[PDB]
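Peer 1: Take a look at the following structure, please.
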Amino acid sequence: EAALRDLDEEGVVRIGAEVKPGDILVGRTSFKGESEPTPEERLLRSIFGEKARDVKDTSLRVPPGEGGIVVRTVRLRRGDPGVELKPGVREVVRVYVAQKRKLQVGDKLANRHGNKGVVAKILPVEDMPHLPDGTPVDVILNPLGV
Amino acid sequence: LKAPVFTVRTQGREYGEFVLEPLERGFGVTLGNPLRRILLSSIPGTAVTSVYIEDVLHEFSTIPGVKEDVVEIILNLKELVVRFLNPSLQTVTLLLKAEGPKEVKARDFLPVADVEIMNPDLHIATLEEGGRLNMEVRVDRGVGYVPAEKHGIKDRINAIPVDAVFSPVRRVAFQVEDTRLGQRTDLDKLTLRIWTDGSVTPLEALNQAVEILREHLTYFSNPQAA
Amino acid sequence: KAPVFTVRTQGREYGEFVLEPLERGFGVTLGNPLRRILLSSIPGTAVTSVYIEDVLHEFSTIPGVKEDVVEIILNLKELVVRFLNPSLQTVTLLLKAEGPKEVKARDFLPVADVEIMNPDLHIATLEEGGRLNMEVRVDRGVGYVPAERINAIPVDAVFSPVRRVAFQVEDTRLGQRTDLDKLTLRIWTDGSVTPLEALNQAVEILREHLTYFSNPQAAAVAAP
Amino acid sequence: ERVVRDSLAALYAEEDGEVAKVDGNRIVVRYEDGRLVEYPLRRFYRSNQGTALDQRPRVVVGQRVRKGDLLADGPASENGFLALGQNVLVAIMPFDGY
Amino acid sequence: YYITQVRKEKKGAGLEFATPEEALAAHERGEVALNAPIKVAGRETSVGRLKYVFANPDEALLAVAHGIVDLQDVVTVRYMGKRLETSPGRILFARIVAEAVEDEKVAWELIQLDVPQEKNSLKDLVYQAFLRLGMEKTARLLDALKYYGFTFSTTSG
Amino acid sequence: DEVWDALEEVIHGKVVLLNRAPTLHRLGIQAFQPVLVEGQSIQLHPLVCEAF
Amino acid sequence: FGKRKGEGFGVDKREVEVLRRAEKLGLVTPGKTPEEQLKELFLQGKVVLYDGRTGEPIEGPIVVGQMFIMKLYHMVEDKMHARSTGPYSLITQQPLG
Amino acid sequence: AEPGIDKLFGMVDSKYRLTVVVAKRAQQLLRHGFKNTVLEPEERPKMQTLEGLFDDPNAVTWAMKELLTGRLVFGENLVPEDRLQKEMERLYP
């Protein structure tokens, strides 16, 4: 239930949930290997009390390095009004996730004069160069670029 | 036989100038800078750690009857300065209930004992007819800049973690001018100019900064073999 | 989580002192002020003047003496003098030996409560017929003082027993935090004051200077 | 200014009038002709490239609008002028090889 | 480069003198600049070359630390039993290479002390360090040059 | 937070290859020992920038 | 610089040092007041900056000012990738996305 | 970098020889679990943990540090392979 806590009844994740990489966006199950379990698995399933089942976990999770706060969801099904999809597919879910990215090391900054570069360091304000009135500068640009 | 004069000028809780003269040549910088560093960084304070809004599931939502989007709202609450009068108090959750054609400010927060809003006239949101805004704003004590992504277990499920910049110190400058014992023309007149948010007094800030520096100088006392 | 302070020493001349871990930015915050103090404020002794009997000025040369006046002055700037008595301020040492003999710093006439840390320091090589008579003035002071009776020559005086201070602040990690600080501080002294002693004195000077914020005398804020 | 104008990312005043209702999701105005019109605002919308296209209303309730006046800022526009970034304090110097 | 380069001041205007003390006097009056070509007595010598004489490299550096003189200003320094006319900055660079390779004499053989260090001279220093000393020692020299180069380039202005 | 202490043990003594395309000569691929860092960027020594 | 005097402050000894080096470099006319020398420097778009770490000034003046800078769609978050093992191609049997 | 690399280069007539030798010696130290090392306890390569100094997990560092002592013997056709394997397995199971 630890992994399932953020999913609603249908299995879709709840709007506004914070999802990290690996957390399930949509649950799904699909029939595994022509309903043929491997014999080595069949006994260990019985040791633990019949965990053996017809289906396996195909659920859509959050890819590594990705994720954020769930914003929108769109579910469409076959056999429902106004909705028809490509042959063979019963239904389709869409999870629109948002994340607000603060500037970080490796991001690309550029002026309109063609000077471009990536942020290689973020300095604490006390480390910054400052005017005599104490105001620190925002960005330090290398003159060799000119 | 001469101990340097320590002078203080102060305007309200926001800004102060603090002078020490005469000092030995170079000591205006020697004292002046490391204080400035500690001031801008290591001085504890208070900032909004969280926001709940009724019928709002996440920061990217938009409230009916309210001009501001939830993001601009939290951007505003980032500017709220709250002063804790009791040193033992680590957290307060303010409450704000509002409706009708009202322009909400920080004054509209329900009052709490030993907790003072230093800028009640700070704009929060503009509501129109039909607009309803019900908020719970969690303010904590802390030090430095703690990003929202570092949040722990939140109070509610619709709780929105907010970026917290704790440091009460808004700006620190210092001037070192030449001064005279009258034989010695090369001495140092040091002046620390400090702007804060009103949560903490420039003199209070300065003092605990000096204390941080002293407590750090303490660390050189107990050597080890290498 | 109070930081560890480690000490590594070779003789009385040199030492390394490492303070870790410190919070972000603090390596420099401690490093800079101590260094500034270490180079100037730490008290010591230096030769502030020299008088030679046959020499009219710094740029002259002495017959029977290989090295010119300036070179001898340079040999005098490396002289390490310790005052055993706290009340002592100025001491004038005399060296009269003219013999065709190799002259060291040991040849100076001993004075009560004044110790020479480098007796083997070379001054001049005198030959047959050569004559050297000098009175050197040693004073107590701090830092470096440039040269700026009648034939007494002013000498650039290095009071600071600390010869060089260099610190490096390098990133370090304690558990989760990768941004912490390791402050390495290297101190070279002349042996008059051990590096550890100089460090302690610097720290003390800083603390005592932090005490000066204690007694406020108010003033009004100006407005236009 | 004209870039934001012709790109039609932002809402402008169609006719002289006065604005009745303002909030995050809509701006409703009344013109001299007594025309009541509700302009819905596109909020936090995913573009092809994944950037959020977000309209922020710049005008409050009971304000006089003139034809050609800006009601709501589009994505990346500040007061109807193109906003592609921030203005910052630059110091042009080498800093420690960073 | 910025630290190994030396200053040329035109205020001196190549005025010849006899007594060095005359030159010091003229300097103190504000006539002749600190670093200027000047002929005193027999030969050409800078004002600050006479004014400041250092028994130690780190004495000269200690002086620079006190704001007495800059690294670019040219002075007189005694280094390894030799009286040198080089600037504090070149002495500094010398010690940088020396400490980096941990061989002082060989370092003194490798460096070109009378020139401002630039691309090709540094390149040559590196190659010669690769030959005369180890490969890894050369790597250490590279890292040292990197550190100090960056450091000074920050505060160079 | 114990796992990273283990990763530090895994990569101890080991080195990784860094490569920048196009690889024009052999030095366009070099071996460095990795220093684990917070952040999503690879930190590269300035001196090797020329060869790469 | 004008309100500096109005608030009771003069020029830093550090600003004096910087100005000395500046007239040595030829950015400011010698003999004029520091009040004016700093004006000359500022007219060139350079000011006196202090190094926040050491509290000492950067030797010689430094250009500062407001520059408009954009953040670009290229972002390190989207551009980082790593693989130990994963899917392989059906036919070619080479690693696959 | 790594200590005494130039000397390791000096020990061989080709760099790739040094590479092959160090590599193979590393394989030896791994298969037999480092007990066959020619290094004395104080010469043992150490790694800094949270707990303290422990054996360096890296076999190549070990092989190189052993080779620098010159205690190892290398060259072509010293012994037959299988005999060497069986002897090493007998001495260090």
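Residues in the structure tokens are numbered from 1 in each chain, the chains being A, B, ... in the order shown, and ligands are numbered from 1 in the order shown.
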Quick one: residues within 12 Å of residue H:43, only C-alpha atoms, excluding same-chain residues fewer than 4 positions away - as a ChimeraX atom specification?

Peer 2: /H:37-39,55-56,62,65-66,68-69

Peer 1: Selected residues, N, CA, C and O atoms, written as an mmCIF file, in the first residue's frame, please.

Peer 2:
data_model
loop_
_atom_site.group_PDB
_atom_site.id
_atom_site.type_symbol
_atom_site.label_atom_id
_atom_site.label_comp_id
_atom_site.auth_asym_id
_atom_site.auth_seq_id
_atom_site.Cartn_x
_atom_site.Cartn_y
_atom_site.Cartn_z
ATOM 1 N N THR H 37 49.358 -11.599 -1.405
ATOM 2 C CA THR H 37 50.078 -10.346 -1.561
ATOM 3 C C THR H 37 51.498 -10.420 -1.019
ATOM 4 O O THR H 37 51.776 -11.114 -0.040
ATOM 5 N N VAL H 38 52.397 -9.695 -1.673
ATOM 6 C CA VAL H 38 53.788 -9.631 -1.254
ATOM 7 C C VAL H 38 53.996 -8.438 -0.333
ATOM 8 O O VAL H 38 55.114 -8.159 0.097
ATOM 9 N N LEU H 39 52.908 -7.732 -0.041
ATOM 10 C CA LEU H 39 52.970 -6.539 0.793
ATOM 11 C C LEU H 39 52.822 -6.870 2.269
ATOM 12 O O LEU H 39 51.985 -7.689 2.653
ATOM 13 N N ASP H 55 41.248 -2.182 4.170
ATOM 14 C CA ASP H 55 41.972 -2.591 2.967
ATOM 15 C C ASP H 55 41.384 -1.935 1.719
ATOM 16 O O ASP H 55 40.167 -1.887 1.549
ATOM 17 N N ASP H 56 42.257 -1.420 0.856
ATOM 18 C CA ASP H 56 41.833 -0.817 -0.403
ATOM 19 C C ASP H 56 41.190 -1.886 -1.286
ATOM 20 O O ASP H 56 41.813 -2.902 -1.593
ATOM 21 N N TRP H 62 46.725 -2.259 -5.788
ATOM 22 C CA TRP H 62 47.512 -3.256 -5.079
ATOM 23 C C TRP H 62 48.630 -3.818 -5.950
ATOM 24 O O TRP H 62 49.791 -3.824 -5.546
ATOM 25 N N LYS H 65 51.314 -1.301 -6.498
ATOM 26 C CA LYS H 65 52.080 -1.045 -5.281
ATOM 27 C C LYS H 65 53.025 -2.204 -4.952
ATOM 28 O O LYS H 65 54.086 -2.002 -4.358
ATOM 29 N N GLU H 66 52.636 -3.411 -5.351
ATOM 30 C CA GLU H 66 53.471 -4.593 -5.176
ATOM 31 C C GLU H 66 54.627 -4.560 -6.154
ATOM 32 O O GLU H 66 55.774 -4.827 -5.797
ATOM 33 N N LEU H 68 55.990 -2.077 -7.591
ATOM 34 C CA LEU H 68 56.944 -1.024 -7.242
ATOM 35 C C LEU H 68 58.010 -1.485 -6.247
ATOM 36 O O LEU H 68 59.126 -0.963 -6.237
ATOM 37 N N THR H 69 57.659 -2.458 -5.411
ATOM 38 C CA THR H 69 58.595 -3.015 -4.439
ATOM 39 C C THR H 69 59.595 -3.948 -5.117
ATOM 40 O O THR H 69 60.629 -4.289 -4.543
#

Peer 1: Which residues of chain E come within 12 Å of chain B, and what is each one's closest atom pair and distance in Å (one decimal), counting only C-alpha atoms, sorted by chain and residue number, as a Markdown table?

Peer 2:
| residue | atom | partner | partner_atom | distance |
| --- | --- | --- | --- | --- |
| E:65 | CA | B:26 | CA | 11.0 |
| E:66 | CA | B:26 | CA | 9.0 |
| E:67 | CA | B:26 | CA | 10.4 |

Peer 1: Which residues are close to residue H:50, i.e. within 10 Å by only C-alpha atoms, leaving aside same-chain residues fewer than 5 positions away? Reply as a ChimeraX atom specification.

Peer 2: /C:174-175 /F:5

Peer 1: Could you name the residues that touch residue F:14 at 10 Å or less, counting only C-alpha atoms, but leaving out those on the same chain fewer than 3 positions away, as an MDAnalysis selection string?

Peer 2: (chainID F and resid 9:11 31:34) or (chainID H and resid 57:61)

Peer 1: Which polymer residues have any atom within 12 Å of an atom of residue C:48, counting only C-alpha atoms, with same-chain residues fewer than 6 positions away left out, as an mmCIF file with N, CA, C and O atoms, in the first residue's frame?

Peer 2:
data_model
loop_
_atom_site.group_PDB
_atom_site.id
_atom_site.type_symbol
_atom_site.label_atom_id
_atom_site.label_comp_id
_atom_site.auth_asym_id
_atom_site.auth_seq_id
_atom_site.Cartn_x
_atom_site.Cartn_y
_atom_site.Cartn_z
ATOM 1 N N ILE C 73 73.507 44.955 5.738
ATOM 2 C CA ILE C 73 72.158 45.287 6.186
ATOM 3 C C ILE C 73 71.205 44.123 5.916
ATOM 4 O O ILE C 73 70.369 43.788 6.759
ATOM 5 N N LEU C 76 71.584 41.636 8.365
ATOM 6 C CA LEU C 76 71.029 42.098 9.634
ATOM 7 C C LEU C 76 69.512 41.921 9.706
ATOM 8 O O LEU C 76 68.949 41.787 10.793
ATOM 9 N N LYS C 77 68.852 41.929 8.552
ATOM 10 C CA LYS C 77 67.400 41.787 8.505
ATOM 11 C C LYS C 77 66.952 40.361 8.814
ATOM 12 O O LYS C 77 65.786 40.128 9.127
ATOM 13 N N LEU C 79 68.379 38.631 11.211
ATOM 14 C CA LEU C 79 68.755 38.417 12.605
ATOM 15 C C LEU C 79 67.531 38.189 13.485
ATOM 16 O O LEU C 79 66.604 38.999 13.499
ATOM 17 N N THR C 90 64.091 48.912 23.659
ATOM 18 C CA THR C 90 65.177 49.088 22.698
ATOM 19 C C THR C 90 66.508 48.589 23.258
ATOM 20 O O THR C 90 66.855 48.878 24.402
ATOM 21 N N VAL C 91 67.246 47.834 22.448
ATOM 22 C CA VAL C 91 68.555 47.319 22.847
ATOM 23 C C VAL C 91 69.580 47.564 21.741
ATOM 24 O O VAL C 91 69.320 47.266 20.581
ATOM 25 N N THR C 92 70.745 48.098 22.095
ATOM 26 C CA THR C 92 71.784 48.363 21.101
ATOM 27 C C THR C 92 72.977 47.412 21.230
ATOM 28 O O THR C 92 73.728 47.470 22.204
ATOM 29 N N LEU C 93 73.140 46.532 20.243
ATOM 30 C CA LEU C 93 74.250 45.575 20.226
ATOM 31 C C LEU C 93 75.485 46.138 19.524
ATOM 32 O O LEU C 93 75.368 46.889 18.561
ATOM 33 N N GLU C 135 77.288 49.481 15.625
ATOM 34 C CA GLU C 135 76.281 49.472 16.673
ATOM 35 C C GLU C 135 74.901 49.345 16.038
ATOM 36 O O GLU C 135 74.438 50.256 15.351
ATOM 37 N N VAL C 136 74.247 48.214 16.280
ATOM 38 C CA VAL C 136 72.938 47.937 15.703
ATOM 39 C C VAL C 136 71.820 48.139 16.722
ATOM 40 O O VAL C 136 71.913 47.689 17.866
ATOM 41 N N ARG C 137 70.765 48.822 16.293
ATOM 42 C CA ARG C 137 69.631 49.110 17.161
ATOM 43 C C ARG C 137 68.495 48.119 16.925
ATOM 44 O O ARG C 137 67.960 48.027 15.823
ATOM 45 N N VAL C 138 68.141 47.374 17.967
ATOM 46 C CA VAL C 138 67.061 46.394 17.903
ATOM 47 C C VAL C 138 65.858 46.872 18.714
ATOM 48 O O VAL C 138 65.988 47.220 19.890
ATOM 49 N N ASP C 139 64.689 46.888 18.080
ATOM 50 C CA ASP C 139 63.468 47.356 18.725
ATOM 51 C C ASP C 139 62.342 46.329 18.677
ATOM 52 O O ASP C 139 62.368 45.388 17.880
ATOM 53 N N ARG C 140 61.356 46.529 19.543
ATOM 54 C CA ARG C 140 60.153 45.712 19.566
ATOM 55 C C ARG C 140 59.061 46.408 18.764
ATOM 56 O O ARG C 140 58.904 47.628 18.844
ATOM 57 N N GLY C 141 58.316 45.636 17.983
ATOM 58 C CA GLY C 141 57.245 46.193 17.181
ATOM 59 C C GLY C 141 56.418 45.126 16.499
ATOM 60 O O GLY C 141 56.510 43.942 16.832
ATOM 61 N N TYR C 144 55.862 45.065 9.325
ATOM 62 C CA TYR C 144 57.005 45.473 8.517
ATOM 63 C C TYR C 144 57.099 46.994 8.449
ATOM 64 O O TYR C 144 56.174 47.664 7.982
ATOM 65 N N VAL C 145 58.214 47.536 8.929
ATOM 66 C CA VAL C 145 58.435 48.978 8.904
ATOM 67 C C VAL C 145 59.621 49.356 8.025
ATOM 68 O O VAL C 145 60.764 49.020 8.342
ATOM 69 N N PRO C 146 59.351 50.058 6.912
ATOM 70 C CA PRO C 146 60.401 50.537 6.005
ATOM 71 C C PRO C 146 61.330 51.522 6.705
ATOM 72 O O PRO C 146 60.941 52.124 7.707
ATOM 73 N N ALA C 147 62.537 51.691 6.176
ATOM 74 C CA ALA C 147 63.516 52.596 6.769
ATOM 75 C C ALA C 147 63.055 54.054 6.730
ATOM 76 O O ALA C 147 63.550 54.890 7.487
ATOM 77 N N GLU C 148 62.107 54.350 5.846
ATOM 78 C CA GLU C 148 61.555 55.695 5.736
ATOM 79 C C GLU C 148 60.432 55.905 6.744
ATOM 80 O O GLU C 148 60.477 56.831 7.553
ATOM 81 N N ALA C 152 74.234 57.122 11.548
ATOM 82 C CA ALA C 152 73.362 55.971 11.741
ATOM 83 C C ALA C 152 72.442 55.805 10.535
ATOM 84 O O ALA C 152 71.788 56.757 10.105
ATOM 85 N N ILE C 153 72.405 54.593 9.989
ATOM 86 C CA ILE C 153 71.590 54.305 8.813
ATOM 87 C C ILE C 153 70.276 53.634 9.202
ATOM 88 O O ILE C 153 70.276 52.642 9.935
ATOM 89 N N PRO C 154 69.146 54.178 8.718
ATOM 90 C CA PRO C 154 67.840 53.547 8.943
ATOM 91 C C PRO C 154 67.710 52.245 8.153
ATOM 92 O O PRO C 154 68.139 52.174 6.999
ATOM 93 N N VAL C 155 67.120 51.229 8.774
ATOM 94 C CA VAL C 155 66.994 49.915 8.155
ATOM 95 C C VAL C 155 65.531 49.490 8.089
ATOM 96 O O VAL C 155 64.765 49.737 9.019
ATOM 97 N N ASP C 156 65.140 48.875 6.975
ATOM 98 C CA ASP C 156 63.820 48.271 6.867
ATOM 99 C C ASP C 156 63.720 47.176 7.920
ATOM 100 O O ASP C 156 64.548 46.263 7.962
ATOM 101 N N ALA C 157 62.702 47.264 8.767
ATOM 102 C CA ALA C 157 62.593 46.375 9.914
ATOM 103 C C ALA C 157 61.441 45.395 9.778
ATOM 104 O O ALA C 157 60.290 45.795 9.602
ATOM 105 N N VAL C 158 61.754 44.108 9.879
ATOM 106 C CA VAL C 158 60.714 43.095 9.857
ATOM 107 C C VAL C 158 60.473 42.648 11.287
ATOM 108 O O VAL C 158 61.238 41.864 11.848
ATOM 109 N N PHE C 159 59.380 43.131 11.864
ATOM 110 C CA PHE C 159 59.049 42.809 13.243
ATOM 111 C C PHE C 159 58.348 41.470 13.333
ATOM 112 O O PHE C 159 58.630 40.671 14.225
#

Peer 1: Pull out every residue of chain A that has at least one atom within 7 Å of chain B, counting only C-alpha atoms, and report them as a PyMOL selection string.

Peer 2: chain A and resi 16+126+132-134

Peer 1: Just N, CA, C and O atoms for this one: save the residues we selected as a PDB file, in the first residue's frame.

Peer 2:
ATOM      1  N   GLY A  16      -2.439  16.517  -7.976  1.00  0.00           N
ATOM      2  CA  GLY A  16      -1.733  17.265  -6.955  1.00  0.00           C
ATOM      3  C   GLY A  16      -0.712  16.439  -6.195  1.00  0.00           C
ATOM      4  O   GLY A  16       0.006  16.963  -5.344  1.00  0.00           O
ATOM      5  N   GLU A 126      27.439  35.864   0.240  1.00  0.00           N
ATOM      6  CA  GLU A 126      28.615  36.429   0.895  1.00  0.00           C
ATOM      7  C   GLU A 126      29.895  36.261   0.067  1.00  0.00           C
ATOM      8  O   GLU A 126      30.856  37.012   0.242  1.00  0.00           O
ATOM      9  N   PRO A 132      30.291  49.156  -3.070  1.00  0.00           N
ATOM     10  CA  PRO A 132      30.526  49.726  -1.738  1.00  0.00           C
ATOM     11  C   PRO A 132      29.262  49.914  -0.895  1.00  0.00           C
ATOM     12  O   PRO A 132      29.368  50.034   0.327  1.00  0.00           O
ATOM     13  N   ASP A 133      28.091  49.928  -1.523  1.00  0.00           N
ATOM     14  CA  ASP A 133      26.843  50.065  -0.778  1.00  0.00           C
ATOM     15  C   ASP A 133      26.335  48.696  -0.350  1.00  0.00           C
ATOM     16  O   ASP A 133      25.236  48.567   0.196  1.00  0.00           O
ATOM     17  N   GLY A 134      27.138  47.676  -0.628  1.00  0.00           N
ATOM     18  CA  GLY A 134      26.891  46.342  -0.119  1.00  0.00           C
ATOM     19  C   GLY A 134      26.114  45.435  -1.048  1.00  0.00           C
ATOM     20  O   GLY A 134      25.990  44.240  -0.781  1.00  0.00           O
TER      21      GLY A 134
END

Peer 1: Please identify every residue of chain A that has at least one atom no farther than 10 Å from an atom of chain C, counting only C-alpha atoms, and for each give the shortest atom pair and the distance in Å to one decimal, arranged by chain then increasing number, as a Markdown table.

Peer 2:
| residue | atom | partner | partner_atom | distance |
| --- | --- | --- | --- | --- |
| A:123 | CA | C:25 | CA | 9.6 |
| A:124 | CA | C:25 | CA | 7.8 |
| A:125 | CA | C:25 | CA | 9.8 |
| A:126 | CA | C:25 | CA | 7.8 |
| A:127 | CA | C:25 | CA | 7.5 |

Peer 1: Suppose we keep C-alpha atoms; can you now write the selection as a CSV table (one decimal), in the first residue's frame?

Peer 2:
chain,number,residue,atom,x,y,z
A,123,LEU,CA,27.9,31.1,-5.1
A,124,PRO,CA,26.4,32.0,-1.7
A,125,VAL,CA,25.7,35.7,-1.5
A,126,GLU,CA,28.6,36.4,0.9
A,127,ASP,CA,31.1,35.0,-1.7

Peer 1: For residue A:21, find every residue with an atom within 8 Å (counting only C-alpha atoms), except residues of its own chain fewer than 4 positions away, and show them as a VMD selection string.

Peer 2: chain A and resid 61 to 67

Peer 1: Convert the current residue selection to file output with N, CA and C atoms, as an mmCIF file, in the first residue's frame.

Peer 2:
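Listed below is the output, result12.cif:
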data_model
loop_
_atom_site.group_PDB
_atom_site.id
_atom_site.type_symbol
_atom_site.label_atom_id
_atom_site.label_comp_id
_atom_site.auth_asym_id
_atom_site.auth_seq_id
_atom_site.Cartn_x
_atom_site.Cartn_y
_atom_site.Cartn_z
ATOM 1 N N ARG A 61 5.241 3.974 -14.644
ATOM 2 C CA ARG A 61 5.864 4.668 -13.522
ATOM 3 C C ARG A 61 6.575 5.937 -13.993
ATOM 4 N N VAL A 62 7.185 6.656 -13.058
ATOM 5 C CA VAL A 62 7.908 7.874 -13.390
ATOM 6 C C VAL A 62 9.356 7.545 -13.719
ATOM 7 N N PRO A 63 9.777 7.861 -14.955
ATOM 8 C CA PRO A 63 11.130 7.608 -15.461
ATOM 9 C C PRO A 63 12.161 8.328 -14.607
ATOM 10 N N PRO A 64 13.379 7.775 -14.510
ATOM 11 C CA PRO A 64 14.411 8.354 -13.640
ATOM 12 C C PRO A 64 14.739 9.791 -14.032
ATOM 13 N N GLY A 65 15.034 10.627 -13.040
ATOM 14 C CA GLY A 65 15.382 12.016 -13.284
ATOM 15 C C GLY A 65 14.181 12.896 -13.577
ATOM 16 N N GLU A 66 13.028 12.265 -13.759
ATOM 17 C CA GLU A 66 11.792 12.976 -14.056
ATOM 18 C C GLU A 66 10.879 13.036 -12.835
ATOM 19 N N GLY A 67 9.671 13.549 -13.034
ATOM 20 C CA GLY A 67 8.717 13.683 -11.951
ATOM 21 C C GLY A 67 8.483 15.112 -11.511
#

Peer 1: Which residues in chain F does DSSP call strand (DSSP E or B)? List them as a ChimeraX atom specification.

Peer 2: /F:16-19,29-32

Peer 1: Would you save the residues of that selection, restricted to N, CA, C and O atoms, as a PDB file, in the first residue's frame?

Peer 2:
ATOM      1  N   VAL F  16      36.828   6.323 -14.874  1.00  0.00           N
ATOM      2  CA  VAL F  16      35.885   6.295 -15.981  1.00  0.00           C
ATOM      3  C   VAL F  16      36.446   7.034 -17.192  1.00  0.00           C
ATOM      4  O   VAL F  16      37.350   7.870 -17.074  1.00  0.00           O
ATOM      5  N   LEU F  17      35.914   6.701 -18.363  1.00  0.00           N
ATOM      6  CA  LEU F  17      36.307   7.364 -19.594  1.00  0.00           C
ATOM      7  C   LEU F  17      35.348   8.509 -19.896  1.00  0.00           C
ATOM      8  O   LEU F  17      34.138   8.338 -19.848  1.00  0.00           O
ATOM      9  N   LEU F  18      35.892   9.681 -20.197  1.00  0.00           N
ATOM     10  CA  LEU F  18      35.089  10.780 -20.703  1.00  0.00           C
ATOM     11  C   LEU F  18      35.423  10.967 -22.167  1.00  0.00           C
ATOM     12  O   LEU F  18      36.588  10.863 -22.566  1.00  0.00           O
ATOM     13  N   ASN F  19      34.396  11.229 -22.964  1.00  0.00           N
ATOM     14  CA  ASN F  19      34.561  11.413 -24.394  1.00  0.00           C
ATOM     15  C   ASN F  19      33.703  12.561 -24.903  1.00  0.00           C
ATOM     16  O   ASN F  19      32.545  12.693 -24.519  1.00  0.00           O
ATOM     17  N   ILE F  29      39.238  11.059 -26.011  1.00  0.00           N
ATOM     18  CA  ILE F  29      38.766  10.167 -24.964  1.00  0.00           C
ATOM     19  C   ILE F  29      39.851  10.071 -23.908  1.00  0.00           C
ATOM     20  O   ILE F  29      40.974   9.682 -24.213  1.00  0.00           O
ATOM     21  N   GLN F  30      39.532  10.430 -22.671  1.00  0.00           N
ATOM     22  CA  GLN F  30      40.531  10.337 -21.607  1.00  0.00           C
ATOM     23  C   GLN F  30      39.956   9.667 -20.364  1.00  0.00           C
ATOM     24  O   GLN F  30      38.745   9.594 -20.197  1.00  0.00           O
ATOM     25  N   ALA F  31      40.827   9.171 -19.494  1.00  0.00           N
ATOM     26  CA  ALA F  31      40.374   8.493 -18.286  1.00  0.00           C
ATOM     27  C   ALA F  31      40.653   9.336 -17.057  1.00  0.00           C
ATOM     28  O   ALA F  31      41.779   9.775 -16.843  1.00  0.00           O
ATOM     29  N   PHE F  32      39.618   9.563 -16.256  1.00  0.00           N
ATOM     30  CA  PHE F  32      39.756  10.314 -15.011  1.00  0.00           C
ATOM     31  C   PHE F  32      39.214   9.447 -13.896  1.00  0.00           C
ATOM     32  O   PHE F  32      38.331   8.631 -14.128  1.00  0.00           O
TER      33      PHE F  32
END

Peer 1: Write out as an MDAnalysis selection string the residues lying within 9 Å of residue G:23, counting only C-alpha atoms and excluding same-chain residues fewer than 6 positions away.

Peer 2: chainID G and resid 29:30 37

Peer 1: For chain F, which residues have at least one atom within 10 Å of chain A, if we go by only C-alpha atoms? Write them as number ranges by chain, please.

Peer 2: F: 38-43

Peer 1: Which distance in Å separates atom CA of residue G:25 and atom CA of residue G:49, to one decimal?

Peer 2: 16.6 Å
